[PDB]
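Sharing a structure here in structure tokens format.
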Amino acid sequence: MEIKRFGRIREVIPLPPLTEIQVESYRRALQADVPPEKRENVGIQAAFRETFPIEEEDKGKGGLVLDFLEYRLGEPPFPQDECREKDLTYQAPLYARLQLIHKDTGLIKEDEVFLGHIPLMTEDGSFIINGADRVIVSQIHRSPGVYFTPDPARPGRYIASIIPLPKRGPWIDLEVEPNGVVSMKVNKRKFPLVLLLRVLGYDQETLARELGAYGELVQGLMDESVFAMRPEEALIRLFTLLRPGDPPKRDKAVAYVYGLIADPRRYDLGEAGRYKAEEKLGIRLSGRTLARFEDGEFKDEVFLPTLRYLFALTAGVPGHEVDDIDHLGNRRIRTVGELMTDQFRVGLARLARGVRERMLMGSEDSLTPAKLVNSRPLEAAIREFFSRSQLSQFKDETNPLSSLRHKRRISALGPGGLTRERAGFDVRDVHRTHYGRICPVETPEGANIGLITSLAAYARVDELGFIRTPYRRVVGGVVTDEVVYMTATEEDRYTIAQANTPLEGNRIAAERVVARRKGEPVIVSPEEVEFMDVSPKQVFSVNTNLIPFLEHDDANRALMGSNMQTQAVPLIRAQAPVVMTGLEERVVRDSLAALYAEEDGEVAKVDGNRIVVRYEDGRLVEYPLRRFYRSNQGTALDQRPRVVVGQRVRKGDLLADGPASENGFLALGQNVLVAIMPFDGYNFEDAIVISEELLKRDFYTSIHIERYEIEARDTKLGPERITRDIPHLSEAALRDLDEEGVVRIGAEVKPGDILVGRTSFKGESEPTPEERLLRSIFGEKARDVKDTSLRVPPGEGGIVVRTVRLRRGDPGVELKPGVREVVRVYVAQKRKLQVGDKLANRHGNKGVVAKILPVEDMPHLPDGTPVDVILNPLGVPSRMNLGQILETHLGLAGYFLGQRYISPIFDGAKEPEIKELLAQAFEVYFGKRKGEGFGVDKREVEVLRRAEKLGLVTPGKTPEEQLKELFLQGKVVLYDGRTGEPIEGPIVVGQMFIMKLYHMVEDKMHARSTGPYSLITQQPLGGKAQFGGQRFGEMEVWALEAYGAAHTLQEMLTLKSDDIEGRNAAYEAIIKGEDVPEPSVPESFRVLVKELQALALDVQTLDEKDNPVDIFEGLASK
Amino acid sequence: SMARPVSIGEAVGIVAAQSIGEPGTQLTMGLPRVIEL
Amino acid sequence: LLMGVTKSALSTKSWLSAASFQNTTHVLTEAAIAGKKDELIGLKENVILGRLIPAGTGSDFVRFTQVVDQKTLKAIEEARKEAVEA
Amino acid sequence: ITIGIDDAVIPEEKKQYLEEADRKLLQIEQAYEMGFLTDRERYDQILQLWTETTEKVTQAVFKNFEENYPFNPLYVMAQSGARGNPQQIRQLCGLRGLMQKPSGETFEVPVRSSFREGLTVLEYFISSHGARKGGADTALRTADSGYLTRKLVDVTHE
Amino acid sequence: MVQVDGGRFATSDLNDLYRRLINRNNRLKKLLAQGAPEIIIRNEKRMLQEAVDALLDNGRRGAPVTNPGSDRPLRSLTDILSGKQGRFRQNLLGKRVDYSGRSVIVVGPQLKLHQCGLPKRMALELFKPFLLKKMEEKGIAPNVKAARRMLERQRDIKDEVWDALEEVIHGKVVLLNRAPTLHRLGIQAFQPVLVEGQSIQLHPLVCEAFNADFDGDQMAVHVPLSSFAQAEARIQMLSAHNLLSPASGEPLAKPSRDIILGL
Amino acid sequence: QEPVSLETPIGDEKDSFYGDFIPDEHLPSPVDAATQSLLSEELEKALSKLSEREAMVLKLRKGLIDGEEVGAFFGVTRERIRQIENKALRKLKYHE
Amino acid sequence: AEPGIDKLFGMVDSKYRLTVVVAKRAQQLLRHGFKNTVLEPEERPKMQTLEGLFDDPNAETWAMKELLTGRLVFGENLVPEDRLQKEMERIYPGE
Amino acid sequence: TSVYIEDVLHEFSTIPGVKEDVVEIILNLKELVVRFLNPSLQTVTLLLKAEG
Amino acid sequence: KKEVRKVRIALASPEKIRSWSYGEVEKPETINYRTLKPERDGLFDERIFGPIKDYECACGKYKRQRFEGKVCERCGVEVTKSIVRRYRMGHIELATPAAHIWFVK
């Protein structure tokens, strides 16, 4: 299986480690491996230092000075798998170091306080929370900076805006009124900005001349000079305009917060907020926000340049200073680390809220730790984040790729409340900046469009929540092997060129060059080229980047394909596509699917269970294998070993294959032999037909493991117990249970079988007065006990593979209150490809398997080789996805050559390469035929007739050469299986990669007769051996109503659910062989009479002539 | 649904509703006008 | 008087119909005071009640229709014979 | 009746009509560079140009199938009631014309390419803009399914 | 009032309001018995008003709390006659239904328009009562009890039983519905046809009416039980009778893709 | 822990009310009236057939207020309550 | 479609009338025995492993069949509703 | 038709000393092609047992 | 037997409210944990509303199907399934008048 690779653009730098977003976000979050000595703070340590100097001074007695030194974690409670087996979180313990001082002598320092537990991250990038693997998405929002907006309402001029956040961080808006009045909005407050400038220290003289020289608009500033004659008098003047009945003397009081400390700051000193100000305007920014503590009289870092630029924009050209919202340099991405640290900060301040109150009830000296510290608020906060937050979710780990794509997903809809389901128009739209930064394809179908979108393959978040796509500098017309990851805003400064631009080492070729100055598509010259694209993968996500002939595919069905790959199911006979993009290897690599040698070496031992190697440095290492493990959405993820005893190996070489990996290539489905023709109505509107042969050679067959669980809760009536001797059960039903009442391993279990025997006592509680005595009187413990066991639900199981008991004397387990033990039984099934299943190619051909033909009567080549699958051609013209056709063609050639290929995305394989390879193949599919003893079939001739008459072959030629022609065009003769006559027209066939999706027909087919019914509302449900009924919706009612279906509708609203007396009459009467007892009165009606009567309404029923009518069945009488 | 005259007791109301509502799913956001009418 | 569709509906003669709108208490009340009748005209009203659709089979035009074997048709002919006394 | 790649037939007249619109656009470019065309009229004239080039090649491929291969699977499906909008076919064989910006202003450069051969990286990214606006509209159709029909029923059930 | 999971009980919120009012009213009576200082009797009378207003309608006066923990307005009579379920609304907005099932659909070209194919097991469960009857008519079972035990598990099902099921089906029809039911042809009735496999099979012509294509799309299925329900079902509701749309007199069961391409 | 209210969001806090989720079992809830009817009568029959001191002791000590042997006796030895209690049961169960 | 349906819509003023007639016919067809019928003689409905729809599979089909003959009578208020059931139970046994 | 392995109790097992999971093995087993030389033989149980 | 063509809400005279009722709810006594049986004359009473139990009496006075329409002696119980119970209504005898807040607010 030799790989030819097509197209050579030398993609100069490899992909980022595609998990880096989570791993490094949660590295930067918690400086954990590094000493607290280490100089950078941001994340946990900064969230610490932010709150930490806790000054509760003088309202009676104080001198509390509790400060921060160090913090540490080190030791996780339990192993990872231990954290999953028992339902525990994978965490480290947090204890920071502290010293509270006094107004008097000395300072007690209690080293450690394990205030709160803090989860950890796995190598691969996920978390373990409730026992359950979870993942934190990222988030988008408006980056905290200085922005300039056209006046929404008024058509003319602009309004500034100073945006901070964390939420606590005040919002200021600086608009200039044609009236001249420079208005200024905080908390809905509108006033001449000047009052504020004065508070800073700006006198009306230096202001107008040195700022507003260039605009005459400066005269809109200086109007109220009457008030602006007095400095600190202004601070009070302003103090007025918040009016709770304040102390008008309290000087630096509100101005303290919007100066320095708690409110507008960005994370840390240097680049946190300063970049967004520094770039859009201004020059520098000492301090986090405009502030002063050392002199008391205040300095604005900010307020002058902001207004200066509102001038600079209102009048003429510094550059062109209107700011775009959706531009991804004026929008920001929230890594995991930061999100968790935001919650960690608000938790820490819940603690700082309680401890102030402990500064009051505190004795005098006796305070050192637990007086001040409880884990409770911080713990509750972090825990609340990880297990209840909108942005944590169950790991999408159907297959490796799925989980990977989840890890690098990106959401708009913030649990902080960033965006809501109502609005979406311009929000959802792709924006110029999403180039190289965000996938234009990866957004999902239906409501969630453009809100959740995954980031580009090459994109990577820098120190501050900004996406940065690379580019390579080019020098005059000389291209560099040097690469710069550029900011969105920074990107627009330059003239960037396309990667599909011709080369000669470092040199452009074409005088006409394709290139993009900010946004626009521009034709340009070689000299003018400042930067060039790295490769065309950078434009799209990872999924989207695994489609090989994407170039020829409408983005709409390309999205379908990208998303489809998410839901592929890992197949026992998994295969890596005959034709790949090349990323498959790196994807199984970066996902932690497989197992790779760490050094050169040799192999020592190879179990199904583990592998042991002997390295160069002297080491010998055991790697155990994930033998057969269950995944969040059912799919089996075992690792298989691929190496032998006494085989040498190379660093980075693979040792065992992941869930859906084939010799270390992403294997999501198979390569089947497709013919692409219509069939006797069996591949209709998208349906798909199959050769039974796929089942005999276990192809589209996948394992699946469900997992059942039951508790032995403890009761008012007495404790429940897990045992074999249930009462009213036939010996037959008990055969497969072990002595403890748990079903034994490797037994075949049918819906209705017992998995776990459990016996509860008779309910209605322990009747002390008479029975208590009876207990003494008669064989104490001779009471009564009913059976409440665990049955395989309708739906099914298969065979028991694994049991887990979590018993009392709980040896490392957090059992719920009341819970005595729990039992889980794991049940697997091999799921062959039944009819009703879903299959789809990479190019987005959703289809159902609709017919399984026996090998015998389905379309076969001249040589008796039949096709495996039969796709309707009618699926192609609508859904412009000619990629799959080119897959099929290349596949055809790869079948006879016995080789696989890599067509890089936009550096594809071109038409004639294809053709040459096909020629190569014809001399194998046919060259043999002639020597073997066999020329043409009379059928072959008879179809070549119609072929040249149709214009496919060129008349006058030998059938050999005609068949060559017909081959190269993608098509070959095909015989009907069932007639043996040929198909009157040649037909394209080839190898197609096609996969089996999560949507099998187990989760899907229900059918209710009769059963349970809910207690308040009497519409049915299910439990023991009964499904639940389908909802008959209002529209379904409308449907019936349009028709005359009066009775059918009544039934649907009566006998078939709700009306009890009626439905019972109905069943019994069916058993008789009677029609059905519809009438009497409807439930709803008598119930709405009495329910109406419960408020004092007299609702009475009348005859034709207005007369009384007893609706209540002769039961109304007193 | 036939081409003979309408049969008494046919719920023409609902039928007309449906028959106008269903194609609404094909109206670009068009529809706002159908509402505005 | 020309009205918007939602307004047109929202303001019906029937009360049962109106209790299917986010305003129920008011209308309940209103029609309680006035001893208001709901003739069961329309469908919505009739269906809130578990009653038989006033359209398809449910039309009084059709509800009542009878069928007879000739055998039993001449049988009712006998009923009016015996009615003559002595 | 299957679908090879070669069933998607690019007419000989494409490269022609392309040449034509290429230099004619160059004309409009001097004609604005001289001062005769206002910045606006330039734009509207480019748009005009491509609008026409597009319509032209569309009718041209249909002329091709009609005359040379009247049993061409693509064109068969298209002119039967099976499958096909000539607008689409235009995109497969001929060219998908001008993509618009998010805003509404159509792009200055159109998409010269067919699906049958390499859509370039950027033609693709320009394509996307409109594509997701379509998918979005459809999703905003789904959201409230019997909305209108609801109100109508409330008005009409009687 | 009920027993859920052991020593817990569960209560309709209305009973705590009714107890609130029994409490207040009784204390009032014995406040008149045990002598009558005005401000105290008033305070009680006011309490009384308050709690009537409670059980009738919370949150029109700031709302009663069950014991600070589940600080949620208790369900008042009014709340029952209005809400999400609200007695009035739910009867329309519609119920869960007994005789009903669901599966993925699959093209069933070798059906008639007349018909729909559906999976054996499904058919079995669906007409189960009827089937039991049939087993009783014939020597298959003595009475229903036996018939019942006969069918609970899958490997059992005897051939003659099947033949009886077929006998039950005869010329009855079932209704088929597809998700967003926009006009009345969103539901049509078909003659059921036992088929190998596990999904429902549909006649391609009325993939038009139900906007269904075979790529994961599911459909539900219901039985009609009465001779009446059946009559409407096949006379007005059967597919083969519903050929032209009522929207436009155009025919709706028309040739779609494959058929046309062929002809 | 008290009886919990019948209407609470279950699972995904969307629209579920905890009456939705619970089926029905049995109407008659039998073996109550008939059983008590036999029960208390037979119980009383043998209750009466032995010396009332012994019967009544843990008759009302175990079944008319609360739980005590320390406090059991009106006023005799702990030994004697123990004794006659046990022996009473014994003769009561199986008469010789 | 089902046997001779156009002929049956031709039989009535309202489509729905047909449904009501058929329904009620199948009803009495079951209730007062199954020998209610006007047509059995020779060649009426049938089924396939023995042959007997000549006893009791599908009742409404029987209705449509009878109705297809001018044998039955349908009409708004032919006969007083009570003496109807009296007469039906009195003439035909089978309970 | 059917296989049984000493210490295996179901097809989803793995044996010690053995690379192939019991599925890989039963798949490798389906490949077995075996002539009966006598058409009375409806079935045969082959035994494998090897070590080291 | 008689058809129902018209339905009418009126306001109800307290004498009608008593007419509707069977017995007056006395005690705020649901049911005792000991016996999941109706406490004295509490909200869930057997005499007032009807028997929780299928066909049986509260007092066990009558326990079979045979006397389907008859009423029991020491507690008043006319018998059927769950439905008779969900259908019968009681009443509270209010000391001081109180007001239907619908008419108020």
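Order as written gives the chain letters A, B, C, D, E, F, G, H and I; numbering starts at 1 within each chain.
We adopt the following convention: contacts are C-beta pairs under 8 Å (C-beta built on N, C-alpha and C of every residue); 3 or more make two chains touch, one makes a residue touch a chain.
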*More contacts between chains, A-D or C-I*: A-D
*If you average the CA atoms of chain B and of chain H, how far apart do the two points sit, in angstrom?*
66
*Rounded Å distance, chain D centre to chain E centre (Cα mean)*: 47
*asked:* Report the inter-centroid distance (CA atoms only) between chain A and chain B in whole Å.
replied: 40
*Which positions in chain I touch two or more other chains at once?*
5-11, 35-36, 81-82, 100, 102
_Shared-contact residues (touching 2 or more other chains) in chain H_ = none
*Give me the residues of chain A that touch two or more other chains.*
678, 764-765, 768-769, 874, 1015-1017, 1021, 1034-1035, 1037-1039, 1041-1047, 1053, 1058, 1073, 1075, 1084, 1087-1088, 1092, 1094-1095, 1097, 1102
*Every pair of chains that touch: which are they?*
A-B, A-C, A-D, A-E, A-F, A-G, A-H, A-I, B-C, B-D, B-E, B-G, C-D, C-E, C-G, C-I, D-E, E-F, E-G, E-I, F-I
_If we count contacts the way the header does, which residues on chain F are in touch with chain I in the complex?_
27-30, 32-34, 37
_Interfacial residue positions of chain A with respect to chain E in the complex_ = 678, 680-687, 713, 715-717, 750, 752, 760, 763-765, 834-836, 838, 840, 846-851, 872, 874, 999, 1001, 1004-1010, 1015-1017, 1019-1021, 1025, 1027-1040, 1042-1048, 1051-1053, 1055-1058, 1063, 1066-1067, 1070-1073, 1075-1076, 1078, 1084, 1087-1088, 1091-1092, 1094-1095
*asked:* Applying the document's contact rule, which stretches of chain C touch chain B when the two form their complex?
replied: 43, 53, 55-59, 61-62
*What does chain A use to touch chain F in their complex?*
764, 768-770, 772-773, 776-777, 1012-1017, 1021, 1023
_Contact set on chain B toward chain E in their complex_ = 1-3, 14-15, 18-23, 25
